[PDB]
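The chain contents come next:
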Amino acid sequence: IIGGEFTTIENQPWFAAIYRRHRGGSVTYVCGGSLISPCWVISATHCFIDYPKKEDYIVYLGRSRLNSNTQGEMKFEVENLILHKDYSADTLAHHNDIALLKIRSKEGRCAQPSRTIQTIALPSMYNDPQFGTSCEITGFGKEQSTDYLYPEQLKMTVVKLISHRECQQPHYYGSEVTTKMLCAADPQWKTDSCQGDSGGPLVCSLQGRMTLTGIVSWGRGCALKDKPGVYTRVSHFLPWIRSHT
Ligand SMILES: N=C(N)NC(=O)c1nc(-c2cc3ccccc3o2)c(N2CCCCCC2)nc1N
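1. Some details on the UniProt feature "disulfide bond" in the protein chain
Structure remark: disulfide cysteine 31/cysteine 47 (UniProt) confirmed, S-S 2.0 Å. Taken together, the residues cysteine 31 in strand β3 (residues 27-37) and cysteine 47 in the loop between β4 (40-43) and β5 (57-61) connect sequence positions 16 residues apart. For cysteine 31, a relative accessible area of 4% translates into the label buried. Judged by its relative accessible area of 12%, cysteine 47 is buried. Disulfide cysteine 39/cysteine 110 (UniProt): S-S 2.1 Å, present in this structure. Taken together, the residues span a long stretch of sequence, with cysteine 39 in the loop between β3 and β4 and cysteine 110 in the loop between β9 (99-104) and β10 (134-139) at a distance of 71 residues.

Below, the structure is given as structure tokens:
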């Protein structure tokens, strides 16, 4: 997250931290995700497509820091890793960039909700907020495009939904953005998602309820003028989600 503010998991209790085990033993951060039911985390396919073996991954819920344990956190193995069959990537865009992780503990349990661990509601079909609506994004991604390190503390920021009509402008993304994507950005371009925020939540208030509107997917750079964050449009994938859970 470029700009924004540091936060703790209580603020975004559905946020899932996804890591990969390396051949050799080291464990590195991969991507964010969102808990949509006790046994299911939703994320982005591009996070896993290189290393698509479920045994390689560790998922934490209730975790506020990248490389230290948070009191009350829970750790899971990935029982199922479900990537979208119609995934495709070009130079920039990732199409159908959505993935489901079924989580199970060593002792065979799913998430136990708590102050730090809660599910997020999915939107109703083809129902998104109007453009200009402020939404929140959360993650452990880079604080500056040029940084080598990820932040140790979770962050969040606010971005505003941009219309399909504005996003498709040539100086924005042209035809790279589809109707199954959403664009969001800061009016000054000063705050944004970045590398390591992929798979995390874009959350909007929809009919007086915090709702998973988008999943962090791609962008050209981070916090660059005329280059919004692009998000998988969750309200266009409900049959896929319902079917695969
Ligand atoms: N909100 C956005 N505008 N953009 C995004 O969400 C986004 N950006 C980048 C991004 C591009 C970039 C270029 C130079 C330096 C750092 C960079 O990070 C990104 N990476 C991070 C680069 C490593 C491989 C993974 C792709 N993923 C995103 N999902």
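2. Here's the deal with the pairing of β9
As paired strands, β4 and β9 are joined by four bridges and run antiparallel to one another. Looking at β9, one finds that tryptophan 40 is bridged to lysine 102. One ladder, built from six bridges, connects strand β6 (residues 74-83) with β9; its direction is antiparallel. Bridge pairing links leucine 81 to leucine 101 in β9.

3. A few points about the UniProt feature "active site" in the protein chain
If you check UniProt for "active site", the listed places come out as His46, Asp97 and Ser198 in our numbering. Across 153 residues of sequence, these annotated residues stay compact in space, with a maximum C-alpha separation of 9.8 Å. Those annotated residues lining the largest pocket are, specifically, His46 and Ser198. Mapped onto the elements of the fold, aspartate 97 is located in the loop between β8 (94-95) and β9. Its relative accessible area of 1% is what places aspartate 97 among the buried residues. Not counting residues within four places of it along the chain, the set of residues in contact with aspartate 97 comprises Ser43, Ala44, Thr45, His46, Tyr87, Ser217 and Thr232. At 3.0 Å, the side chain of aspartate 97 forms a polar contact with the backbone nitrogen of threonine 45. Tracing the sequence through the fold places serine 198 in the loop between β12 (181-185) and β13 (201-205). Exposure remark for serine 198: the relative accessible area of 11% places this residue in the buried category. A polar side-chain atom of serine 198 sits 3.0 Å from a polar atom in the side chain of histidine 46.

4. A look at the state of the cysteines
A covalent bond bridging the sulfur atoms of two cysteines is what the word disulfide describes. One pass over the full model with this rule turns up five disulfides. The disulfide that involves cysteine 31 links it to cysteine 47, with 2.0 Å between the sulfurs. Between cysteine 31 and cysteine 47 the disulfide shows an S-S torsion of about -85°. By sign, it is left-handed. What pairs with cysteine 39 in a disulfide is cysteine 110, and their sulfur atoms sit 2.1 Å apart.

5. Points about the domain arrangement of the protein chain
When its domains are assigned, the protein chain resolves into domain 1 (1-12 + 120-235) and domain 2 (13-119 + 236-245). The distance between the C-alpha centroids of domain 1 and domain 2 comes to 18 Å. If you look at the interface, domain 1 gives 44 residues, while domain 2 gives 39 residues. Between domain 1 and domain 2, a total of about 3500 Å² is buried, with carbon and sulfur atoms accounting for 64% of that surface. Considering only the side of domain 1, the residues that lose the most area to domain 2 are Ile9, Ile120 and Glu152, jointly responsible for 21% of the buried surface there. Run the count over domain 1 and domain 2 and you get zero salt bridges. Contributions of two or more residues to the side of domain 1 that touches domain 2 are made by β10, β13, β14 (210-218) and β15 (229-233).

6. Overview of the site of the ligand
Of all residues adjacent to the ligand, which total 14 residues, the nearest are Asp192, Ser193, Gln195, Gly221 and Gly229. In this structure, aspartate 192 approaches the ligand through a side-chain N or O atom, which is 2.9 Å from a nitrogen atom. Within the contact set of the ligand, a nitrogen atom lies 3.3 Å away from a side-chain nitrogen or oxygen of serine 198. Against a free-state accessible area of 570 Å², the protein chains account for coverage of 69% of the ligand. A majority-of-atoms criterion places the ligand in the largest pocket. The dominant element in the shell around the ligand, judged by the number of residues it contributes, is β14, at three residues. Tallied by class, the residues present in the shell around the ligand amount to five nonpolar, eight polar and one charged.

Reading the values: rules and limits
- Residue labels here follow a simple count from 1 along each chain's written sequence instead of the entry's numbering, which may differ, and residues missing coordinates are not shown.
- With hydrogens and water set aside, each side-chain value is computed from the structure's full complement of heavy atoms.
- Disulfide assignment relies on a single distance test, namely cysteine sulfur atoms paired within 2.5 Å.
- UniProt positions are given in the numbering used here, feature names are shortened, and annotations may be inferred rather than shown by experiment.
- Labels follow the DSSP assignment, with helices taken as runs of H or I lasting at least four residues and strands as runs of E lasting at least two, numbered in each case from the N terminus.
- Here the term buried applies to any residue with accessible area under 20% of the maximum for its type, exposed to any over 50%, and partly exposed to those in between, with areas from a 1.4 Å probe on protein chains only.
- The criterion for strand pairing is that DSSP finds at least two bridges linking the strands in question.
- We place a 1 Å grid over just the protein atoms. Points where a 1.4 Å probe fits but has no way out form a cavity, open points with protein on both sides within 12 Å along at least 5 of 7 lines form a pocket, and any residue with an atom within 4 Å of a point lines it.
- Residue contacts are counted whenever heavy atoms from the two residues lie within 4.5 Å of one another.
- As used in this structure description, the phrase polar contact means that two N or O atoms lie within 3.5 Å; if the pair is within protein, one of them must be able to donate a hydrogen and the other to accept it, and residues adjacent in sequence are counted only when both atoms belong to side chains.
- Start and end points for every domain follow an automatic or database-based domain assignment.
- Here the quantity called buried area is the accessible surface, traced with a 1.4 Å probe, that two parts lose on coming together, added over both.
- The salt bridge criterion pairs a side-chain nitrogen of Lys or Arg with a carboxyl oxygen of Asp or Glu, the two atoms within 4 Å.
- Any residue with a heavy atom lying within 4 Å of a molecule or strand is counted as near it.
- We get accessible surface area from the Shrake-Rupley algorithm with a probe of 1.4 Å; when it comes to residues, only the shown protein chains can shield them.
- If over half the atoms of a molecule are within 2 Å of the grid points of a cavity or pocket, the molecule is regarded as sitting in it.
- Residue polarity is assigned by list, with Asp, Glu, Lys and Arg as charged and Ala, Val, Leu, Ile, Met, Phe, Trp, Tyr, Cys and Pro as nonpolar; anything else, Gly included, falls into the polar class.

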